[PDB]
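First, one chain by itself in structure tokens, the form deposited in one PDB entry.
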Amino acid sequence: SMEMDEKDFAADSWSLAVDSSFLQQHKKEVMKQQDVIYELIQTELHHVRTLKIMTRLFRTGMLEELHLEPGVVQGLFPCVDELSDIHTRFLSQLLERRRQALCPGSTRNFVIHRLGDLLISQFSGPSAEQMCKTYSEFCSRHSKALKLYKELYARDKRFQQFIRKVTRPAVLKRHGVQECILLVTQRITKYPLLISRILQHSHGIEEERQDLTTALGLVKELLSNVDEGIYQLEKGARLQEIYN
């Protein structure tokens, strides 16, 4: 993550991120809606950061320091570049919506009134098809990635030294290889919980309540499709085991 975005999302809530004199100008319902929108963007920034740890720290670090057999790094980090592209673009749109909403003379005071349209765009058309295809592949390769990791850590000294070295900093405490994989798999099922709570505080403008209701429906359709398209791959599985 970059310092500017980390500081903008360092507070525990939108009510603590904005100046108190700006907070005082709004109704309680607006504050409750903005606190949940802030949580969606803050957790998206963290999710993009988890993907950057996987691509730049682990994946690239293994290619540049270790002599792993071809096809092993891809097996440990399936679809990480595609996932990074999807979420960095989505994060870019969320942060631009916040940036355009800033009051002149402020880098922290804003209110996002029109999130629904951005969510419909993200969870419809080609971007939704790409999310569906990418998560169906990622989640089907999740178990294989964990088993490959466990094998390499237990049998390769240079791999074990590399993992212990790059995961030693306190800021990486929650972000070991296996932890990153589960954080990514769990990200998609957080979206309906956040959107439902935003919708609960977005009844003031009927166009907005309708847009968030449409977005919630699209997210649930995406999740249902991903869940139906998953079958765990197993290294060394035979055709007979598969078709039975």
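Numbers for residues come from their place in the sequence shown, where the first is 1. For clarity, a rigid core is taken as the largest C-alpha set superposing within 1.5 Å between two forms.
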Exercise. On a core superposition, give the stretch, 67 to 75 or 96 to 104, with the larger average C-alpha separation from this form in 9 other deposited structures of this protein (RMS over structures and residues).
Key: 67 to 75
Quiz item: Comparing 22 to 30 with 179 to 187, which has the greater mean CA B-factor as deposited?
Solution: 22 to 30
Quiz item: For the C-alpha atoms alone, is the average B factor greater in 156 to 164 or in 88 to 96, going by the entry?
Solution: 156 to 164
Practice problem: Could you check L40, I53, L63, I198 and tell me which one carries the biggest Cα B-factor in the deposited entry? | Solution: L63
Quiz prompt | For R108, the third of its chain into which the C-alpha B factor falls | solution = lowest
Practice problem: Taking the values exactly as deposited, rank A215 by C-alpha B-factor within its chain and report the matching third: lowest, middle or highest. | Solution: middle
Quiz item: Lowest, middle or highest third: where is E3 by Cα B-factor in its chain?
Solution: middle
Quiz item: Lowest, middle or highest third: where is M131 by Cα B-factor in its chain?
Solution: middle
Quiz item: Mind checking which third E208 falls in for C-alpha B-factor across the chain?
Solution: middle
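This protein has a second form, the form solved in complex with a small molecule, left out of what is shown; the following refers to that one.
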Quiz item: Taking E82, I86 and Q130 as a possible spot, do all three reach the small molecule in the entry with it bound with a heavy atom inside 4.5 Å?
Solution: yes
Quiz prompt | Contact of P126 with the small molecule in the entry with it bound (heavy atom, 4.5 Å) | solution = yes
